[PDB]
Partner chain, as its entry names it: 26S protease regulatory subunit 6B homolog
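Coming up is one lone chain in structure tokens, specifically the form deposited without its partner chain.
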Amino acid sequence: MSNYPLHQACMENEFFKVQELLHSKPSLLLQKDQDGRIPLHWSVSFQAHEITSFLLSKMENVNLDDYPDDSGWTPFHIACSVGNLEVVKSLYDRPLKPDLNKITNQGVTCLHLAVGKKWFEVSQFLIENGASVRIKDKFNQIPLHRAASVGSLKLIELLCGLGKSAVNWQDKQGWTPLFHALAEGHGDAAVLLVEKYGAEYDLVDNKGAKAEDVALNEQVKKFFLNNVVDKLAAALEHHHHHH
């Protein structure tokens, strides 16, 4: 990025340079580049811890939420997507706390990002500090959908257990987390949702397919059906449903 030397210096991790720039023209601290990002976005993006900390010390009275880039990403969104818990703690541990549910242009939250990248610590930190687990992006997907999509059992537990997340919410495509788990071939994850978190598997998507029908392959599907009770034969019927 030419015309934005300070943002560039953050990307390269040239801490000394960053300091020289802020001294020659302080006004660059909160300047927005072509993509609407300010210096803090790049330091956090390239995990330049030394620079980030310095930027924050100069942003004493700045609410990170007032700085979403053109994509809707605030520097806090970047931290959580990157996964460095320590940086996330430094961005969050400030007088003006970020709205943990703030969304991107496409309706995704920090927890949506952290979970989609399989960052356990960061996801736990968010959930423990108040982040909601029931916010649906522009696709009507809550984090758990992603957790099932990347096939992370740890994340499913965290969201459904501590997070008390809903399990049978259907997205724009009519998919519940279960569908996502099977579509990606995560057999064990699909069985966990059903066996431990009451995920209903008799629902149909917008095309008429049951979760088992969108299985990645025969084995994945074979493994699901053989570890979830054959409802057709079940003596009784569920006495609880979940949600």
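Numbering follows the first chain given and starts at 1.
- When the C-alpha B-factors of 210-218 and 30-38 are averaged, 30-38 comes out higher.
- For the pair 117-125 and 143-151, the mean B factor over Cα atoms is greater in 117-125.
- Within the selection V204, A189, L56, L64, the deposited Cα B-factor values reach their highest point at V204.
- Of all the options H77, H112, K172, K89, the entry's greatest CA B-factor is assigned to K172.
- Among all modelled residues in this chain, the alpha-carbon of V18 has a temperature factor (C-alpha) in the lowest third.
- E184: CA B factor lies in the lowest third for its chain, per the PDB record.
- Ranked against the other modelled residues of its chain, the C-alpha B-factor of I135 as given in the entry falls in the lowest third.
- Residue-level temperature factors show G83 in the middle third of its chain, judged at the C-alpha atom.
- Per the deposited record, the Cα B-factor of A166 falls in the middle third when ranked against the other modelled residues of its chain.
Just so you know, the form solved in complex with its partner chain exists too; it's not on screen, but the next bit is about it.
- Although the partner is absent here, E200 lies well away from its partner chain in the deposited complex, with no heavy atom inside 4.5 Å.
- Using a 4.5 angstroms threshold between heavy atoms, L153 stays clear of its partner chain in the deposited complex.
- A residue is said to contact a partner when one of its heavy atoms sits within 4.5 Å of a partner heavy atom; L85 fails this definition for its partner chain in the deposited complex, lying far away.
- Although the partner is absent here, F76 lies well away from its partner chain in the deposited complex, with no heavy atom inside 4.5 Å.
- Look at 174-182, 24-32, 57-65, 189-197: in the deposited complex, residues with non-hydrogen atoms within 4.5 angstroms of its partner chain sit in 174-182.
- Remark: none of the three candidate residues (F15, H49 and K97) comes within 4.5 Å of its partner chain in the deposited complex, counting heavy atoms only.
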